[PDB]
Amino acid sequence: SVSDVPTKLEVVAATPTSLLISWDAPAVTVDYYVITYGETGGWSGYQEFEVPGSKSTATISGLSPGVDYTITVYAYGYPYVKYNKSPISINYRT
């Protein structure tokens, strides 16, 4: 399996509709993040948002209770290909 950047991604607190997610801040630098989220399997689509580079957490709210989501965090501009990396992704059931 491929290694990821960021390296860690966790749901640190959750209600059935509202999540607090956390990843690891860079050791060096990042400009900003993009996060996508949507129901696993892609039928209902994905939403995308930016996160300032000063953060290493985000909230995602208004989710449906008991539903599986795929959440992916991108370090915008990071040279994934150079280092043979993928963006970090998790699936989470609310």
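Note that residue numbering begins at 1 and tracks the sequence as displayed.
- Query: For the stretches 59-67 and 32-40, which has the higher mean C-alpha B-factor as given in the deposited record?
  - Reply: It is 59-67 that shows the higher mean C-alpha B-factor.
- Message: Using the temperature factors of the C-alpha atoms in this entry, rank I21 within its chain: lowest, middle or highest third.
- Response: For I21, whose C-alpha B-factor we compare with every modelled residue in the chain, the answer is the middle third.
- Query: Against its chain's modelled residues, does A75's Cα B factor rank lowest, middle or highest third?
  - Reply: Bottom third by C-alpha B-factor.
- Message: Test of reading the entry: by CA B factor among the chain's modelled residues, which third contains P52?
- Response: Ranked within chain, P52 CA B lands in the lowest tercile.
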